C-alpha cells in the first residue's frame, strides 16, 4: 500500500515550511508513516551550488540554475520512489511548480521550456497551494535577503503559478493560509488524510506526461 506524495506550494510567507513540518508531525502521531522533504535540498553537491546562488554568494546563468534546481529533484527520485513504495507518505516543501514559477518569472523564459526538465518526475497525488493576500503576508515579517525575495518578482512568479494551476492533470487544492497556524494546519491535515487513503489505489503518476 504505497504512501502518498503531497506537495505544499504557496506564496511568500504563506506557511509552506511551517505547515509541512506540522503535517508530518500530525500524520505520524496518527499512526501514519510520513516524512518531510523540501526543495531545493541544499545538502547535496548541486544543493550547495543552489544555496550559494540563493544567498547571492555566487551568480549562476539563469538557464543553468533552472536545470540545477530540476536536477536537484531528479537526484532524490530513487529515494522518493523507494519511500512511497514502502508505504511512507512524503510531504514536500516546494516542488517542480516552484521550479517553473520562479524561472518563468524571469524575462524570456517560456513556461513550456521551464517545465521540460521536470517532465516525468514522480507526480504528486495532492498539490496544496497556500494563498494569502500580500497585506496579510506583510504582517508575517519583512522580506528576506535571499534572491527573489522582492514583491515585483514574487508577483510574476504568482502569475506563473496561476497558469500551472489550470493544469487539470493535477490534484490541486487551494488553502486559505490567512487563518491561524492551527486552523490552516487542520484544513491541510484533513485534505492530506483523504489523499493518503486514495493514493493506495492508483499507481504513482508521472508529472506533465
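Between two forms, the rigid core is the largest collection of C-alphas that superpose within 1.5 Å. Positions refer to the first chain, counted from 1.
Put simply, when the other structures in 5 other deposited structures of this protein are lined up on the rigid core, the C-alpha atoms of 130-138 lie farther off than those of the other stretch, from 130-138 and 113-121. Stretch 139-147 is the one, of 171-179 and 139-147, whose CA positions lie farther from the shown form in 5 other deposited structures of this protein once all structures are superposed by the rigid core. Higher mean CA temperature factor, per the PDB entry, when comparing 107-115 with 124-132: 107-115. Relative to its counterpart among 133-141 and 86-94, 133-141 has the higher mean temperature factor, C-alpha atoms as listed in the PDB entry.
Per the deposited coordinates, the residue with the largest Cα temperature factor out of 161, 69, 148, 172 is 148. The PDB entry assigns the greatest CA B-factor among 63, 56, 32, 42 to 56. Sorting the modelled residues of the chain by their CA temperature factor places residue 191 in the middle third. Among the modelled residues of its chain, residue 183 has a C-alpha B-factor that falls in the middle third, as given in the PDB entry.
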